[PDB]
Each structure stands twice: as structure tokens, then as C-alpha cells.
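> Please find the sequence and an experimentally derived structure below.
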Amino acid sequence: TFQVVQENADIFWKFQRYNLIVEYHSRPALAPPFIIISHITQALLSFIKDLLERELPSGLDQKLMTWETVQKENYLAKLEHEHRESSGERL
Amino acid sequence: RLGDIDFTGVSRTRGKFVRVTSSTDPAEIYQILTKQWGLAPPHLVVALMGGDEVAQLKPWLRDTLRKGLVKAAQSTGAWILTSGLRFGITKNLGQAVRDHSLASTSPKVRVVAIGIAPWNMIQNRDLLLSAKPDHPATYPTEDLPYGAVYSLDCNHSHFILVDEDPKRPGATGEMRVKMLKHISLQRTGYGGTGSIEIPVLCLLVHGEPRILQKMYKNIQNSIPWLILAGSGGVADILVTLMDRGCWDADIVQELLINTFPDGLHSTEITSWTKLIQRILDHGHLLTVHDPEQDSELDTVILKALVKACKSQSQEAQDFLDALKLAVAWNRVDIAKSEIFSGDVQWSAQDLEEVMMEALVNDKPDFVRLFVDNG
Amino acid sequence: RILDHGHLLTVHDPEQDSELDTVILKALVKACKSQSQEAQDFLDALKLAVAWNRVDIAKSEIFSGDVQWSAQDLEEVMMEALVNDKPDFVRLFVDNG
């Protein structure tokens, strides 16, 4: 079971690590029992009044979309070229 | 009169332009292009001389042409001279240029789509007549039909708007010819130390008989031409005659009549026949590009340029400028086939600068070739 | 008199080709093309080529230079190719205006 699982276990750990890091992004910086200060401050700020998942300006968003399209075209062209130079296709 | 244009539409982009008259010296236009707009002297100039006709290229052929042209231009800093009008092959080519510009992570080499369009064929010219230096004029983009008037393509970064000549109705063509000739006599780099003469090349896509005079004038100015095999217009006539091998008056008259039945004017037909004969008399400036067979536009461009230079003169110094161009595109096979084949003697002092360029530009194949060649 | 027509005659050699559908489509498109050069005539043949998912035959015969194809012409044929799960014809029609 160890031999069969280890490779998938690594991938599952990475996938879980994503969620845990996202979870630590929003967590208050003060560990409990101190965390009560952070909770009180957050509640008071809510009553009175993200590096991941960011929104970009229109120009930058359009530039990134075109760049992604260009990269996709290059990747598909590379796939087609590698298929054309394959031994089976040459034969 | 210089002004900036702020296109309004799907993608908000800013473009520059300048109104220019037929009596202007091309030196001033080149100077303002290089300095005022900050455009570096290009390493390659490709001029489109067609695609404005009613008939259009097939979408597959159009896409192949645009992809090949952009891929060939991306190697160095290239200019793409087109009519800055949103129509036909020009629209798609400018769109491809803009897409490459956005996706290019290296701004060191830039593909610039210059637009030379007649003033009387501009839609909403009054909108850009403002040209306030503090506030660039806002210009709306509209996909007009064929008609006779178009809107400026938003994908062309710079424009050259030429007023109609009251003498003759060919102001834009004469201006394009003069600009190409003047650009062909410049230097690729900032200084004349390791810089070559700028390679100016023309591309023909479904020409009309009206452009034969301008094409012959360009040939007289000794600039190479590339002819699409399946374009549709004069390109088919030229490729068929070159495939035939010899051109005679009856054959070219029959082919022109078959391809352009609408054109029925004896004087015009005779003039076009003479123009075609004089054009084919050069030959060394003519080259065929077949996307179905080769589809390697950079290879054809280099072959045409080296063929033109070799026909011009047999001096090794003439090939040296072509040798640097072959180095710049890392086409060692083309260089070995054409420049380094028996005829041209190459001394060690001749290859010093070219060896430096190959060494400092990370091209190992040319380093090996030069070491093997003295 | 039979051989005088010719465009209505086609040879099937099972030893060489053995692809009866290919020969059938080639014969039908040849007959229609000899009948008339109008693009509407090929459109009926284009739908038949779509129905059998023979994109190579269509590209060789119908979509070769001579026949002009407008966007409005390909609307119904594009619908048929799209709704009949033929992706090759979808790509061909997108590439053709």
C-alpha cells in the first residue's frame, strides 16, 4: 500500500496545502487565547464600518487574455509539430 | 501636423498619426517616425500592396499569412507597412500584430504596424481634426462595408495620413513608394558600426491592375517582392507566368483578360501588358511564396533578399550585409546554401565583425560555420 | 451515347479503393458539378458530404477555389454540422468565412 499510495499521497498533500494556506491567509495573526483581542477588534470594526483572487484593470486583463491565447496557440502548435515528427506519422 | 488618437471601442488603445502632403520630403517623415514617436530603426520592413479589393483571401490562407508574417517579424525589430484602414487582410494582420505585441514579454524587439492611408478615404476625419496635444482626439471604430471609405484600424499603433494630390489621383501610392525607397537607404542600428542597410521587402496579396504601375516603380527602386501563390489578383498572373518560364504578349493578355474580364480598355490592356513584361524582365526581385508547400515565410524572405543582393553585385562586401541578416535570424542552413557556396571568397578580416555578432547573439551554429571557414 | 456523358459514369475497383462510400460521394459531386457551377448546387452536395463525415472529400471537391462561399450560404450547413456532432466540418466552415 505504501508503494502504491506514496505518489498520489504527495499530490493530495499539495491539493490540501492549497486550502490550508488559503485558510491561514484570512486567519487573525494572534494565536489563542490572545485571539479574543483580534475577534473584538474585528467585531468593532464591522460595527463601525487578498493577494489571491485579485481583480485586474481592464487593460491588464485584456493583455493577459491575449497572452494566454498566444501561449495556447504555441502549445497546440508544439503538439501538432511533435505529432508530425513522430516515428509513426513519418512511417 | 502631429496628433494622437484615442480609439474608443472593444479595446481602448492610443495611437499616433501625422498629416502629410505629397510635396513633403520622406526624410522628414522618417525622422519624425524614428525620433518623435520613439520608433527604433527597423531591422525589416514589409509593405502590403493588396488585399483592399472586393475579393478576400480564404480564412485559412489569411491566418497562415498573418501567423507567418508575425513569426518572421518577431525575430528582430520589424515594421509592417500597411494602409491604416480597418478592412480586408489589413484588419486581421493588424489584429495579429497587436496580439503579438500584448503577448510579447520582451519589449527589446517590437513589431510595429505603420499605417499609410489616403486622407479622402478616412471615415470621421473631422473627429481627429482636433489633434489637441493636451487631449488626444477620441476616434470610434466601425466595421464599415467595402464601399469606398473605411475607418482607421485601432490595432495600428502609428499612422501616416496623406492628403490627395490635386495633380494626379495617386498621392498615397507615390508617398508609399518614396517612403520605401528612403527607408531602404538607412541603417538598421543606431550607429553605423555594426548596423546593416535596412532590408525593405514588399508583399503582394491579390493585386488589381491599377497597382502595376506602383509595383513597377518599386522594382525600378530595386526592392524585392513576395508574391502569394493563391492570392487571387495579379499575384496569380505573375506566378503562372513564372511557372511557364517565358512571357509573351498574347499569353499575358489572355491571362489578364481571363482573370479580369471586367477590365475592357485596349489602351489600359496594352499598358498593363507592357508593365507586366517590364516587371518580369527583372525576375531577381520577384519571389513566390506558397503557404501550401513551404509555409516558412522567414525562409522565403531571406532567400528573396539574398537573391536580390547577389543579382545586384558579386562583391563579398555586398553579401556581408546579407550574411549579418542571415545571422540575425539564426538561419544557418540558408546562409550555408546561399552565401557560403564556392563563389564568394571570405577572408578572416571579413568575418571578424560577423563572428562578433554571431558570438554575442548566442548563435552557435554560425560560430561553428565561421570557425570552419577560416 | 452512354460514354458520351462520362460525368455520370464512375469506376469502383474493390482491389484498389474498396471504399464504396468515397466512390459514391465522388460520383455524386462529379455529376452535380458537371450539371451546373452554381454554389447552390454544391450546397446540396455539401450537406451530403457533411452527412457522411467525409471532410477530406468535401475539401478536395467542393471547397477548392472555384466555388465562392458566403457566410449566409454556410449558415444552414454549419447548423447541420454542429448538430450532427461533426467537428471537422465545424472547423472547416469556421476557417471558410
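Structure's in. What do you need? Residues are numbered from 1 along each chain as shown, chains lettered A, B, ... in the order given.
> which phi and psi does the closest residue to chain C within chain A have?
Using C-beta to the nearest C-beta, the single residue of chain A nearest to chain C is residue A:76, 12.7 Å away. (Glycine included, C-beta is placed from N, CA and C.) For residue A:76, the backbone dihedrals (degrees, to the nearest 10) come out as phi -70, psi -40.
> That one: neighbour count?
Counted with other C-beta atoms under 10 Å in any protein chain shown, residues neighbouring residue A:76 total 10.
> gap between it and residue A:82?
Residue A:76 is 11 Å from residue A:82, where distance means C-beta to C-beta, to the nearest Å.
> With residue B:227 instead?
Taking C-beta to C-beta as the measure, residue B:227 falls 32 Å from residue A:82.
> okay, those two: which has more neighbours?
Between residue B:227 and residue A:82, counted using other C-beta under 10 Å, the more crowded position is residue B:227 (24 against 10).
> Now do the SS call for the more buried one.
Classification of residue B:227 by DSSP: H, G, I helix; E, B strand; the rest coil places it in strand.
> so it makes contact with residue B:238?
Yes: between residue B:227 and residue B:238 there is a contact under C-beta atoms under 8 Å: 5.1 Å.
> overlap in contacts of the two?
Shared contacts of residue B:227 and residue B:238, defined by C-beta atoms under 8 Å, 6 or more residues apart in numbering or on different chains, are found at B:204, B:286.
> these two touch, right, residue B:304 and residue B:284?
No: the pair residue B:304 / residue B:284 is not scored as a contact, 9.2 Å apart, by C-beta under 8 Å.
> of the two, who's got more company?
Shown here are residue B:304 and residue B:284; by other C-beta under 10 Å, residue B:304 has more neighbours (23 against 15).
> Quickly find the element holding the more buried one.
For residue B:304, the host element (DSSP states H and E) is helix B:297-312.
> Going by neighbour count, which residues of that helix are buried?
Applying a neighbour-count criterion of 16 or more other C-beta atoms under 10 Å in any protein chain shown, one finds B:297-310 buried in helix B:297-312.
> Run the contact check for that helix versus chain A.
No: using C-beta under 8 Å from any C-beta of the partner chain, we find that helix B:297-312 stays clear of chain A, coming within 14.7 Å at best.
> C-terminal to that helix, what's the next element?
Using DSSP H and E, the next helix or strand after helix B:297-312 towards the C-terminus is helix B:316-328.
> Remind me what that next one packs against, helices and strands.
The helices and strands touching helix B:316-328, judged by 3 or more C-beta pairs under 8 Å, 6 or more residues apart in numbering or on different chains; DSSP states H and E, are helix B:297-312, helix B:332-338, helix B:352-360.
> Switch these over to CSV; also include distance to chain C.
Formatted as CSV, the helices and strands packed on helix B:316-328 follow (distance: least, C-beta to the nearest C-beta, whole Å):
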stretch, distance to chain C
helix B:297-312, 19
helix B:332-338, 30
helix B:352-360, 40
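> Residues of chain A that sit close to chain B?
A:58, A:59, A:62, A:63, A:66, A:67, A:69, A:70, A:71.
> Please name the nearest non-neighbouring residue to the second one.
Closest residue to residue A:59 apart from its sequence neighbours, by C-beta to C-beta, 6 or more residues apart in numbering or on different chains: residue B:12 at 7.1 Å.
> which residues does the single nearest residue of the stretch 151-300 of chain B relative to chain C contact?
Closest approach between the stretch 151-300 of chain B and chain C, counting by C-beta to the nearest C-beta: residue B:230, at 7.8 Å. Listed by C-beta under 8 Å, 6+ apart, the contact set of residue B:230 reads B:58, B:61, B:236, B:290, B:291, B:292, C:65.
> Quick check on these: which are buried?
The neighbour count (16+ other C-beta under 10 Å) marks B:58, B:61, B:236, B:291 as buried among the contacts of residue B:230.
> if we can go back for a sec, could you turn the buried ones of the residues of chain A next to chain B into a PyMOL selection?
Selection of buried members from the residues of chain A next to chain B for PyMOL, criterion 16+ other C-beta under 10 Å:
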select buried, chain A and resi 62+63+66+70
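> Can you tell me the SS state at residue A:13?
For residue A:13, the secondary structure call by three-state DSSP comes out as helix.
> ugh, wrong one, residue B:288
Going by three-state DSSP: residue B:288 is strand.
> Hmm, it is touching residue B:227, no?
Yes: Residue B:288 is in contact with residue B:227 according to C-beta under 8 Å; the separation is 5.3 Å.
> Look at the one residue in the stretch 251-374 of chain B that gets nearest to chain A and tell me its secondary structure.
Nearest to chain A, among the residues of the stretch 251-374 of chain B, is residue B:295, at 11.9 Å (C-beta to the nearest C-beta). When classified by three-state DSSP, residue B:295 comes out as coil.
> I'd like to know how far it sits from residue B:69.
Taking C-beta to C-beta, one finds residue B:295 at 12 Å from residue B:69.
> element containing residue B:79?
Assessed by DSSP H and E, residue B:79 sits inside strand B:78-82.
> again with residue B:45
strand B:44-48.
> re earlier: may I have the phi/psi pair for the residue of the stretch 151-300 of chain B closest to chain C?
Dihedral angles for residue B:230 - degrees, to the nearest 10 - are phi -110, psi 40.
> helix, strand or coil for the residue in the stretch 151-300 of chain B that chain A sits nearest to?
Distances between the stretch 151-300 of chain B and chain A by C-beta to the nearest C-beta are smallest at residue B:155, namely 11.3 Å. Using three-state DSSP, the secondary structure recorded for residue B:155 is coil.
> For residue B:119, list the residues it contacts.
By C-beta under 8 Å, 6+ apart, residue B:119 lies in contact with B:19, B:125, B:161, B:162, B:163, B:164.
> Swap in 7 Å and give it another go.
B:125, B:161, B:162, B:163, B:164 (C-beta atoms under 7 Å, 6 or more residues apart in numbering or on different chains).
> Report the separation between it and residue B:134.
24 Å.
> cool, residue B:167 as well?
The separation that residue B:167 has from residue B:134, given C-beta to C-beta, amounts to 36 Å.
> Same question for residue B:24.
Distance from residue B:24 to residue B:134, by C-beta to C-beta: 26 Å.
> The spatially most central residue of chain A in helix, strand or coil?
Nearest residue to the geometric centre of chain A (C-alpha atoms, centre = their mean): residue A:18, 7.2 Å. Under three-state DSSP, the three-state class of residue A:18 is helix.
> which bits of chain B sit near chain A?
Residues of chain B lying close to chain A by C-beta under 7 Å from any C-beta of the partner chain are B:11, B:99, B:102, B:103.
> Among the contacts of residue B:230, name the ones in helices.
Counted as lying in helices by DSSP state H, out of the contacts of residue B:230, are B:61, B:236.
> How many residues are close by residue A:35?
Residue neighbour count, defined by other C-beta under 10 Å, stands at 13 for residue A:35.
> wouldn't it be in contact with residue A:29 here?
No: proximity of residue A:35 to residue A:29 does not meet the contact threshold set by C-beta atoms under 7 Å, at 9.3 Å.
> Was I right to think residue B:188 contacts residue B:198?
Yes: between residue B:188 and residue B:198 a contact is recorded at 5.5 Å, counting by C-beta under 7 Å.
> what sits against the residue of the stretch 51-200 of chain B at minimum distance from chain A?
For the stretch 51-200 of chain B, the residue closest to chain A is residue B:103, as judged by C-beta to the nearest C-beta, at 3.6 Å. Taking C-beta under 7 Å, 6+ apart, we find residue B:103 in contact with A:66, A:67, A:70.
> hmm, try it at 10 Å
Applying C-beta atoms under 10 Å, 6 or more residues apart in numbering or on different chains to residue B:103 gives the contacts A:63, A:64, A:65, A:66, A:67, A:68, A:69, A:70, A:71, A:73, A:74.
> Look up how far residue B:17 lies from the first one.
Relative to residue B:17, residue A:63 is positioned 23 Å away (C-beta to C-beta).
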